[PDB]
Amino acid sequence: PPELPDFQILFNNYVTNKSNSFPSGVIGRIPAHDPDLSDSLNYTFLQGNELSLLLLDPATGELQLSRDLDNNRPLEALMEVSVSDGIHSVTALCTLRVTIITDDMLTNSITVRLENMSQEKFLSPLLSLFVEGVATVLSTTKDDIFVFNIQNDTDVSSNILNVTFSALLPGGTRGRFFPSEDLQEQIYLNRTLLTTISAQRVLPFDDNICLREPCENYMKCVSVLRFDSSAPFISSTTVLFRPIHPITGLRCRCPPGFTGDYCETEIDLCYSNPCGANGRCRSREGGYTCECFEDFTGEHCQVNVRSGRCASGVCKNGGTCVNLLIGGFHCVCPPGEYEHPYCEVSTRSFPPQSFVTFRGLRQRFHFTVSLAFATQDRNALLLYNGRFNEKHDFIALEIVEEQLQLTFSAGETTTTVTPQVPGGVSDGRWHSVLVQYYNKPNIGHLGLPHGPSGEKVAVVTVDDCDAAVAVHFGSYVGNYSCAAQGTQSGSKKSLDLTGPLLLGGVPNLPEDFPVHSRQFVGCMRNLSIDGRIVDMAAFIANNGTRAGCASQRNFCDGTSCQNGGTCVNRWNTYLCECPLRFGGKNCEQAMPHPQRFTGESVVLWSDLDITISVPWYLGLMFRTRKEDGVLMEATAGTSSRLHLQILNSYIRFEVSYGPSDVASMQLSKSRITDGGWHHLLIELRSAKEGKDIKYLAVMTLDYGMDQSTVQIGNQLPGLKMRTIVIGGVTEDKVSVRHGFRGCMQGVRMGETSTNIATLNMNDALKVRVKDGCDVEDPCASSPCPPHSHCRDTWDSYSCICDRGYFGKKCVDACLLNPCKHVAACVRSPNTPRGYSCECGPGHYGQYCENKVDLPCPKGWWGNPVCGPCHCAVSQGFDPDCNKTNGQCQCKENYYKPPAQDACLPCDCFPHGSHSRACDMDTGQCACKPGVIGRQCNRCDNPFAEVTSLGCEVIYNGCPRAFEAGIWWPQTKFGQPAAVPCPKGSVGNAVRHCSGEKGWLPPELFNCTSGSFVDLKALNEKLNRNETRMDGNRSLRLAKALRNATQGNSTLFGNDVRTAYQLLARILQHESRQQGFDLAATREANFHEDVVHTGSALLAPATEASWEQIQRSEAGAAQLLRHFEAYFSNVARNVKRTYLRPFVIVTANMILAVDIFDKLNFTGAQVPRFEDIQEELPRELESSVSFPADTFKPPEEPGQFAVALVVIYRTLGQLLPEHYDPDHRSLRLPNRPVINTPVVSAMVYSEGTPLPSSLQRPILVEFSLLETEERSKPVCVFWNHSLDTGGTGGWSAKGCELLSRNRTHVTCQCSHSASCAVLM
Ligand SMILES: *[C@@H]1O[C@H](CO)[C@@H](O[C@@H]2O[C@H](CO)[C@@H](O[C@@H]3O[C@H](CO)[C@@H](O)[C@H](O)[C@@H]3O)[C@H](O)[C@H]2NC(C)=O)[C@H](O)[C@H]1NC(C)=O
Ligand SMILES: *[C@@H]1O[C@H](CO)[C@@H](O[C@@H]2O[C@H](CO)[C@@H](O)[C@H](O)[C@H]2NC(C)=O)[C@H](O)[C@H]1NC(C)=O
Ligand SMILES: *[C@@H]1O[C@H](CO)[C@@H](O[C@@H]2O[C@H](CO)[C@@H](O)[C@H](O)[C@H]2NC(C)=O)[C@H](O)[C@H]1NC(C)=O
Ligand SMILES: *[C@@H]1O[C@H](CO)[C@@H](O[C@@H]2O[C@H](CO)[C@@H](O)[C@H](O)[C@H]2NC(C)=O)[C@H](O)[C@H]1NC(C)=O
Ligand SMILES: *[C@@H]1O[C@H](CO)[C@@H](O)[C@H](O)[C@H]1NC(C)=O
Ligand SMILES: *[C@@H]1O[C@H](CO)[C@@H](O)[C@H](O)[C@H]1NC(C)=O
Ligand SMILES: *[C@@H]1O[C@H](CO)[C@@H](O)[C@H](O)[C@H]1NC(C)=O
Ligand SMILES: *[C@@H]1O[C@H](CO)[C@@H](O)[C@H](O)[C@H]1NC(C)=O
Ligand SMILES: *[C@@H]1O[C@H](CO)[C@@H](O)[C@H](O)[C@H]1NC(C)=O
Ligand SMILES: *[C@@H]1O[C@H](CO)[C@@H](O)[C@H](O)[C@H]1NC(C)=O
C-alpha cells in the first residue's frame, strides 16, 4: 500500500528579454513511494487542472511545465492528485507557485550563512519557518519575503548553507526594496530573537571586498550582486526548487555633501540660511543644526512657543498638548522622570552588568563627542564602538588608575591618548569629556586641497582647559596637561564604524573586546553628539539600565544638623560638618580637646585589665595629610600587630598574631588624606557558627558611611587587644619614629561608645603634647609670584593665580601669542578666557583661521560662506544667480507667465515693437502705436495691417501675418487657404480668411503629428481588409499606442479617429479569444496600457474636437460595449487564470477587480476604498454597496465569485446630448445635466449562472460635480439595447432615488450595466 506527502513546487523565473531560461524536458516526478516493489501505480489528476497548466506522464509520473507558463506574471494554484495500486486509492495536494525575478530584485539582495544545516532541512519543510522568523523580525507579511537562491555552501567540508533573498519595503508603495545596509543592520540587531523564534544557529556577517579600499578619493565602495547563470531543478522528497546563481561585484558612488568630477570639495549646508533670522546655523557632516533662538522651536524652528499652538510632535514622549487660552501651549508630561518643557530624559544610572544600545555613528572623517559622568571605580569602561567582526577599526574610552584614557585604531595600529588631571577624577564628582577627530587635507600645488591627506588627528579635553596652549607648550609653562592630542598615518583614508553605539559596558560576548576593563557602575548625563543632545528614553536596547541617578539626590532636605552642623550632600547620603567638640552623625556627641601633632608627639596606654569577651569598640577622630605613619599600633596578645596606618594615603589595618601574619584589610577604596575631619570605629563582634564562636572586625568610617568587615577567622579570635599606641612608631619612649602630623580629637574605648571611661589626659602618657590645634598661616609668607591669591588649606596652600595667567609660574598666555596667522593678541581687562585674538579683515573665527573667497566662484553664491546656485538650466534659466538673495534668473529672450513655472521665449514680432524683450509675466512686447495683442500682433483696425512703417490700411485680403505660427498669406473673401501644417506636423492645415472675422478657427483635422506619421501609415492599411491581426501584433500596437499617447499634447481629429478605430479592433479581437489564447495571460501591463490610453482619449480639451467626432461615430457607446464585453470575458476566465485582485487608478478612470468567497460574503463597498490607500480626490469618493444578502439565496466549484467595477469620471458630459424621446417616460427639464461619474458594476458567479436581471438590487452612492441644489435628480441608466440612438440611452426604468444627503446620492439598480444620476 502507498502514501504521499502534500507538496509544493516553486518556479523562480528570472525573466529577461535576453535569456530563455525556461526549462524543458523532464524536471521531476510525483514524490511517490511504496514498500511494494511489484505494483504499477496509476498517476492521475482528480481536480485542480482545468487548462493543462502541467503536463503529466500517467505511467512514470513525470511532470513538465506547459508552454503557457512563459510570461512575466506571478501565480499560485492548488492541484489534487490521485495514486492507485489497482486495489487502493489515495489522494494528495500540491501547491504550485511561480515567482518573477527582475534586475531591481537582484540589485537589492543579501545573503546570510547558516551553520550545521545543509540541503536536507532547508529544502525539506523548515523554509516556511525561516520565511516567518524573517517576517517577524522585519515586522512584515510573509508575502514581502522572496527567497530566490539556496545552494550547498560546503566550501570544503563544513556544514554551512548560503541563502540569498530580498525584501519589499512596507508601506504599500510598489517598487521599493530595503537598502542593503538597512537589511544588514535590521538583521544584526534582533539576532538572538531570530535565533529563538526560528531555532537555528545564525552565523555572523563576514568582511566585505571593500576592506582593501580600492576605490578613489571621497567615493564610496558598495558590493552588489548580478546575474550569473541558472541551474536545473534540485530535487528532494517534498520540494522541487530551481535556483538562480548570482555573482558579486563592486560599485563606487559619490556620497552627498561633495562636489566635483571626483567629489574632492565639500559644501557647507548652512549657506542656504535655513535658520533664518530666528536662529543660527551649525554645520555638520551632511547636515546642520539650529541654535534657533528663544520662543522659537521646531526642526527648522518654524514654531513659536509663546504665541503658537499645539503642533504634532512638539510635546515629546506622550506629553499632552493643552492650548493656553491666551496663545501658546503646555506639554503635560506623563508622571515620570521627564524634563520640562518637552518631557525629556537626560540622566541615567548604571548598576553592574547593565548597558544600553543607541544608533551607531556614521560620520566618515570628522566628528565631535562630549558627555558628563560621575563614579568612583579606579578601573572601569566608558565607551566603545567597533564592527561586527570586532576587528580593524574601533574606538574606546576608559578610566584606568583614576585617569582618563582614549584608545583607538583605524585598522592598522592602536593609539592611546592620556591627559593627566591632578588628584584623579574618581572622586564621585561630575566631570565632562570632549573628543574631536578630523583628517588633514592634501593641499594642492594651486593651494586647493585635493582630497584628504593621510594625517588623522584626535584631541581629548577634560573639563575646563585651554587646548592650544596645553598641546603646544604646556610643559614649558609648567605642570598643565589637562588636554592631549594623538596622530595617525596610514594608507587607509577613512574611518569605518559599521557597528552600533553602546554605553555603560560591553555586552558579555564570548569574543574579547580590545578593552582593559569589562564593565562600569555610576551615573552619566548630557550625551551630546555634534551639539545635538540625545534623549536617554529614545534607546534601541536596554539590558538593565534605569533612568535617573538616585545616589545624587539632595539628601540634606528634611534633615536638621545640630549646633553648628552644616549640611552637605555626598554620594548616596549627607554629612553634617560639625564644629569642634561636637560630632556624631548630626553633631550629637562631645569630644575632648584636640591635639596638634608634628612628628614628635606620641601617646600610649598600658597597665590595663581586659579579658577576651564580646563586643569591643575602639573609636578615633582624626584629620591629617601624611601619606604614611602609624596611626594606631596595638599588640593584641603576644605580638598581634594591629597596624592601623595611612600607608600610601590609605587606611591599612593588619592583624598579625605572634610570629605569624594572620589577616589584613585596607581602605584603598577611599583616599582619606584630604585633611578633613573623619571618625572611625573598630567593632569586635561575635558570630556563632554551629557550636564555635568566631569574631568579626567591622571598622565603620564616618558612622558607617564606609564600613569594611573582615571575618575574624578562628586563629584571630580569643586574642583581645592588649596594648594601645597612637602617634607613630616608638619603643624607647624617647625617640619617635614615623611620628604623626596633623590634628586629632578625643578617643573612645570599651564595649559601647557611651562607655565613657575617660583615661585622664593628666594620667597615662603626656609627652610632646601641645594643647590646641591652631596653625600659623602658611599664606603669611605669601609665596606665589604676582597676579596671585594665596589661600590657606590647613597646612597647605595653592596659588589661585590671577586669571589670564597659566601654569605653576602663572604666566600670561597672551604674551606667548597663541593667536595664529600673525593675529594680534589683545588682553581685555575682563576676558572670560583671559585674552582675545584681534585679526584683520578677510579672516573670521576665534583664531581667524577661516578665510572668505569673495567674490564666490562662478555658480557659487553666499556670504560669508559660498554655496551652489543650483539653477535649473534645462528650463532656460541663467546659471548665474543673485550673489546675495540667491534667486535664480531666467535667461534673456524669455518671460515666465504667472501661472506657468517655466519661462517661455518672448517671440515678439520685430516689426511691431520698438524693443524686442517682452515684459515679465504679461509678455507684452513694446507695442508701437496702432498695434495691440500680447505679442503686438493685431492692428486696432481689423483691416489695417502691419508693415515696417506701421499699421497701414491694406485693401485686398488678410495680409501676411504670423498669428498662430502660420504666415497665413494673402487671401481673398470666400476663398480658404490650405498651407503646409505647422512645424513638427505634416498634412495640410487649412484656414479661411472669412470676410467677417478674418481668419476662421483653423481646421487641424487634416494636420497629423510626427509621432503618428508611422501610426497613420499603419492605420491606413488596416481598414483595407488586407493584413491580418494577431496577438503579438496586438501587444506591440498597444505598447506603441500607449507611448504615442502618453504626455500632454493636442490629439488631432485624424488621430482621434485612428485611436478609436484601433481600440475598437483590439477589443473586438480580444472578445473573440478564450482560455489562454487571451493576451491577458501573456502580459501584466496590458490592462494599464489600455486604461491609460482610454483616459487620455477622453480628455475634456477635445470637446471642440468631440462635437465634430460625435457626428461620425458612436464613440463612447461602442467603446463602452467593447469594455463591458471584454470585462465579461475577463470575469468568465478569472478563476481559470487565477488573476489576483487589483485596482487601477488614472486621472479619469477607475478599475477594480476583486474576488469574494461566496459562502462568506456579507456585502461590502466597491471599489474597496477602505482597502485603497492611494490618495483619492474627494470627488472620486463614490461607492457601490453589496448588502449582506447579496450572496444569500432569495427567500466544490462555486465557492468564489468575482466583482469588477469601472468608474468613468467625465464620460457623461462627453456623451452626445441624447435623451429618451418618450415624453411620458421622461419629462425633459429645461437644463438636464449628467452630474455623476458613470459606474459599471458586474458580478460573476461560477457554476449556476445568476439571473440576468439582478433579483436583489445593488446600491450605488454617487457624488456631485456642481454643488447647486436648484432642481431634482433622476437615477437613470444608459442602455445599449434601447432603440434610442441605436446604442441605447438614458432611462429611469428600473432605477430610482433612495436617499440624498448634502454630499451623496444613493440609488438602487437591478441591472449590472452603466448607470448614472441625471442631476
Ligand atoms: C526588534 O524587534 C522588535 C519587536 O520585537 C521591533 O519592535 C517594533 O518596532 C516598531 C518600530 O518602532 C514598532 O512600530 C511602532 O510602534 C509604536 C508603538 O506601538 C507605534 O506608535 C508606531 O506607530 C509603530 O507601530 C513596533 O510596535 C515594535 N514591536 C513590534 C510588535 O513589532 C524592533 O523594531 C526590532 N528591531 C530592533 C530594535 O532590533
Ligand atoms: C489509469 O486511470 C485511468 C483513469 O481512470 C484509466 O482510464 C480508463 O481506461 C479505461 C479503459 O482501460 C476506460 O474504460 C475508462 O473510462 C478510463 N477512465 C478515464 C476516466 O479515463 C486507465 O485505464 C488507468 N490505467 C491503469 C494502469 O489501469
Ligand atoms: C544582560 O545582563 C545580564 C546580567 O544582569 C547578563 O546575564 C549574565 O550573562 C553572563 C554571560 O552569558 C552569564 O555568565 C551570567 O550567568 C548571566 N547572569 C548573571 C547572574 O550575571 C546578560 O547576558 C546580559 N545580556 C544578554 C541578554 O546577553
Ligand atoms: C547638562 O544639561 C543640563 C540640562 O538641564 C544643564 O542644566 C541647565 O544648565 C543651564 C545653563 O547653566 C541652566 O540655565 C538650566 O537651568 C539648567 N537646567 C537644569 C536645572 O538642569 C547642564 O548645565 C548641562 N551640563 C552639565 C555637565 O550638567
Ligand atoms: C551538500 O553537502 C552536504 C554535506 O553534508 C551533503 O550531505 C549534501 O548531499 C550535499 N548536496 C549536494 C547536492 O551537493
Ligand atoms: C610636575 O610634574 C612633575 C613630573 O615629574 C613632578 O615631578 C612635579 O613635582 C610636578 N609639580 C607639581 C607639584 O605640579
Ligand atoms: C539681488 O536681489 C536684490 C533684491 O531684488 C537686489 O537688490 C540685488 O541688487 C540683487 N543682486 C544682484 C545684482 O543679483
Ligand atoms: C471589409 O469587409 C467587410 C465585410 O464584407 C465590409 O463590411 C467592410 O466594409 C470591408 N472594408 C473595406 C473597406 O475593405
Ligand atoms: C515614444 O515615442 C517617442 C516619440 O516618437 C520616442 O522618441 C520614444 O523613443 C518612444 N519610446 C518608446 C518607449 O517606444
Ligand atoms: C502634463 O501636465 C501635468 C499637469 O500637472 C504635469 O504635471 C506634467 O508634467 C505634464 N507632462 C508633460 C510635460 O507632458
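Structure determination for this entry, per the PDB record, employed cryo-EM and reached 4.3 Å resolution.

Overview of the overall build of the protein chain
If you tally the helices and strands in the protein chain, you get twelve helices and 84 strands. A globule of 1319 residues ought to have a C-alpha radius of gyration of about 34 Å, yet the protein chain, at 46 Å, is considerably larger. With the C-alpha coordinates of the protein chain rotated into their principal frame, the extents come out at 145 × 110 × 65 Å. Scored against the burial criterion, the 1319 residues of the protein chain give a buried share of 40%. Taken together, the 118 basic and 139 acidic charged side chains of the protein chain have centroids lying 3 Å from each other.

Regarding the state of the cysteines
Scanning all chains against the criterion turns up 35 disulfides. The disulfide bridge from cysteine 801 ends at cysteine 810, spanning 2.0 Å between sulfur atoms. Because the sign of the S-S torsion sets the handedness, a value of about 55° for the bond joining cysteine 801 and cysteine 810 places this disulfide among the right-handed ones. For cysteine 810, a relative accessible area of 7% gives the class buried. Across the disulfide, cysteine 856 is cross-linked to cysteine 866 (sulfur-sulfur distance 2.0 Å). Where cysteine 856 bonds to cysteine 866 through sulfur, the torsion about that S-S bond is close to -80°, and the disulfide is left-handed. Taken together, the residues span a long stretch of sequence, with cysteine 856 in the loop between β57 (850–851) and β58 (860–861) and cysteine 866 in the loop between β58 and β59 (867–868) at a distance of ten residues. Look at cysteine 856 and you get buried, because its relative accessible area is 11%. Of all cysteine sulfurs in the structure, the one in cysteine 1309 sits closest to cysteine 1315, which takes part in no disulfide; the separation is 3.5 Å.

With respect to helix α5 (residues 467–477)
Among the residues of α5, those classed as buried are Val469, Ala470, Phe473, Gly474 and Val477. Along α5, the residues classed as buried sweep out an arc of 165° about the axis, all on the same side. Turned more than 90 degrees off the buried face of α5, the exposed positions are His472, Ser475 and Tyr476. Between the side-chain oxygen of the N-cap and the backbone nitrogen of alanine 468 there are 3.1 Å, and the N-cap of α5 in question is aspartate 466. Looking one or two residues past α5, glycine 478 carries a phi angle of roughly 145°, positive in sign.

Focus: the sheet that holds strand β40 (residues 603–605)
What the six strands build is an open sheet, ordered β40-β49-β42-β43-β44-β45; its pairing is antiparallel. One side of each edge strand has no neighbouring strand; the edge strands of this open sheet are β40 and β45 (663–666). Recorded for the sheet is a direction-independent mean angle of 10° between the axes of neighbouring strands. Note: strand β42 (residues 630–636) against strand β49 (residues 724–726), two bridges, orientation antiparallel. Counted as the bridge partner of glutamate 633 is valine 725 from β49.

A short note on the packing of helix α6 (residues 1013–1022) against helix α8 (residues 1053–1072)
Packing of α6 against α8 leaves a shortest axis separation of 11 Å and a crossing angle of 55°. Taken as axis vectors, α6 and α8 run oblique relative to one another. Taken as a pair, α6 and α8 cross one another with a handedness that is left-handed. Of the residues in α8, those touching α6 at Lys1016, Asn1019 and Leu1022 are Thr1058, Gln1061, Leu1062 and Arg1065. A per-class count over the contact of α6 with α8 returns two nonpolar, three polar and two charged.

Focus: the pattern of salt bridges
Applying the stated criterion to the full structure yields 35 salt bridges. One salt bridge in this structure joins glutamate 402 and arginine 378, with 3.6 Å as the shortest N-O distance. Of this pair, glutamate 402 sits in the loop between β26 (393–400) and β27 (403–410) while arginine 378 sits in the loop between β24 (367–374) and β25 (380–385); the two residues are 24 residues apart in sequence, bridging distant segments of the chain. On the accessibility criterion, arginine 378 (34% relative accessible area) is partly exposed. Put simply, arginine 1168 and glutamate 1170 hold a salt bridge, and the shortest N to O gap is 3.0 Å. Taking relative accessible area as the criterion, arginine 1168 reaches 34% and is therefore assigned partly exposed. Its relative accessible area of 61% is what places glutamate 1170 among the exposed residues. One salt-bridge network, held together by shared partners, links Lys1039, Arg1042, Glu1088 and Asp1089.

With respect to the nonpolar core
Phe1127, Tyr1208 and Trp1290 are the most contacted members of the largest nonpolar core, which has 48 residues in total. Tallying contributions element by element places helix α11 (residues 1116–1137) first for this core, with nine residues. Judged by nonpolar contacts, the second largest core, of 36 residues, contains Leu618, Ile651, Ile672 and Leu716.

Digging into the site of ligand 1
Contacts to ligand 1 come from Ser139, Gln186, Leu189, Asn190, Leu193 and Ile540. Contact with the protein chains covers 26% of the free accessible surface of ligand 1, which is 740 Å². Tallied by class, residues from the shell around ligand 1 come to three nonpolar, three polar and no charged.

Thoughts on the UniProt feature "disulfide bond" in the protein chain
In textbook terms, a disulfide joins two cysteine sulfur atoms at less than 2.5 Å, and UniProt's bridge between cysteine 743 and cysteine 773 fits this description with an S to S distance of 2.0 Å. A residue pair is termed long-range when its members are at least 10 positions apart, and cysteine 743 in strand β50 (residues 741–750) and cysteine 773 in the loop between β51 (770–771) and β52 (790–792) qualify at 30 residues. Taken individually, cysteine 743 and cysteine 773 each receive the classification buried, so the pair is uniform in this respect. With its sulfur atoms placed 2.0 Å apart, the pair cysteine 927 and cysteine 936 listed by UniProt as a disulfide is counted as bonded here, the threshold being 2.5 Å. According to the relative accessible area criterion, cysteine 936 is buried, its value standing at 1%.

Considerations on the packing of aromatic side chains
In total, this model carries 27 aromatic pairs according to the counting rule given. Ring geometry for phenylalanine 205 against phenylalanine 388: centres 6.0 Å apart, planes inclined by 75°, an arrangement best described as edge-to-face. Here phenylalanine 205 is found in the loop between α4 (191–198) and β11 (220–230), whereas its partner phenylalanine 388 is found in the loop between β25 and β26, with 183 residues between them in sequence. According to the relative accessible area criterion, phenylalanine 205 is buried, its value standing at 9%. Taken together, the aromatic side chains of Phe1123, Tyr1126, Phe1127 and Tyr1208 make up a single cluster linked through ring pairs. Above the ring of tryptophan 430, the side-chain terminus of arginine 525 is found at 3.9 Å from the ring centroid.

Details of the pairing of strand β22 (residues 347–350)
Across the two faces of β22 the burial is the same, with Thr347 and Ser349 and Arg348 and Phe350 all buried. As defined by bridge partners, β22 adjoins strand β33 (residues 522–529) across four bridges and the pair is classed as antiparallel. Bridge pairing in β33 places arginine 348 opposite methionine 524. Here two bridges tie β22 to strand β36 (residues 546–547), and the two strands are oriented antiparallel to one another. Residue pairing across strands places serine 349 opposite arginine 546, the latter belonging to β36.

Conventions used here
- Residues numbered from 1 in each chain as written, not as in the entry; some residues may be left out.
- Chains lettered and ligands numbered in written order.
- Heavy atoms only, no water.
- Helix = DSSP H or I, 4+ residues; strand = E, 2+ residues; numbered from the N terminus.
- Rg over C-alpha atoms; globule rule 2.2 N^0.38 Å.
- Buried < 20%, exposed > 50% of the residue type's maximum accessible area, 1.4 Å probe, protein only.
- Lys, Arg positive; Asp, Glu negative; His and termini not counted.
- Charge placed at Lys NZ, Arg CZ, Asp CG, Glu CD.
- Disulfide = S-S within 2.5 Å.
- Arc of directions from axis to C-beta.
- Polar contact = N/O pair within 3.5 Å; in protein donor to acceptor, adjacent residues only side chain to side chain.
- Pairing = 2+ DSSP bridges.
- Axes fitted to C-alpha atoms, helices over the stretch in contact; angles between N-to-C directions.
- Parallel < 35°, antiparallel > 145°, perpendicular 65-115°, else oblique.
- Left-handed = near helix turned anticlockwise from the far one by under 90°.
- Contact = heavy atoms within 4.5 Å.
- Nonpolar A, V, L, I, M, F, W, Y, C, P; charged D, E, K, R; others polar.
- Salt bridge = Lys/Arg side-chain N within 4 Å of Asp/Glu carboxyl O.
- Core = buried A, V, L, I, M, F, W, Y, C linked by side-chain atoms within 4.5 Å.
- Near = heavy atom within 4 Å.
- Areas by Shrake-Rupley, 256 points an atom, 1.4 Å probe, with all protein chains shown as cover.
- UniProt positions renumbered as here; feature names shortened; annotations may be inferred.
- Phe/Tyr/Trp six-rings, centres within 6.5 Å; stacked < 30°, edge-to-face > 60°.
- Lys NZ or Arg CZ within 6 Å of the ring centre and 35° of its normal.

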